[PDB]
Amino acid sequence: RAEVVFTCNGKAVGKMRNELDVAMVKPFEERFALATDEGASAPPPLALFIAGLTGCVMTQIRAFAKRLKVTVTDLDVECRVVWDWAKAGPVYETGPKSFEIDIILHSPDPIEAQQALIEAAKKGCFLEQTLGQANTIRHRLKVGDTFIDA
């Protein structure tokens, strides 16, 4: 199994800002400091993906906590995603292997209440709900003035 492994350790700061410490772990080790927020050399694509997923989960936890009667302090979310690849003639093909999200709430509330918040956050999180089902991506290729299926 040739693997690509990313992790993200997210920490809640400010009102809605999440500071996302992303690392490639395999095939080699690199770190990227990213962030998300709500209100109003570049990293590799999988770093943006894992930061997005971690930030999405964190955002829903933070948005829903008071509504669901949970006090959360110094929220930390740790996410690990594993993919694998295989040779396919002159190129490679890929797929997902595992997704893990560990959540630290520092909450004074019942565990049942904390679980309700995590469940609500899972269903509120656009990206989690996307990842939980198969999706069809329509691809098209420009030819002249038109786009054909590709």
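From 1 onward, residues are counted along the sequence shown.
**residue 41 preceded by how many uncoordinated deposited residues after residue 40** = 4 to 9 residues lack coordinates between residue 40 and residue 41.
If you take the mean CA temperature factor per stretch, which one wins between 30 to 38 and 106 to 114? Higher of the two, by average CA B-factor, is 30 to 38.
_Which of 82, 47, 91, 125 ranks first by CA B-factor in the deposited coordinates_ = When the deposited C-alpha B-factors of 82, 47, 91, 125 are compared, 125 is largest.
Could you place residue 13 in the lowest, middle or highest third of its chain by Cα temperature factor, using the values in the record?
CA B-factor rank for residue 13: highest third.
Splitting the chain's C-alpha B-factors into thirds, which one does residue 130 fall into? CA B-factor rank for residue 130: lowest third.
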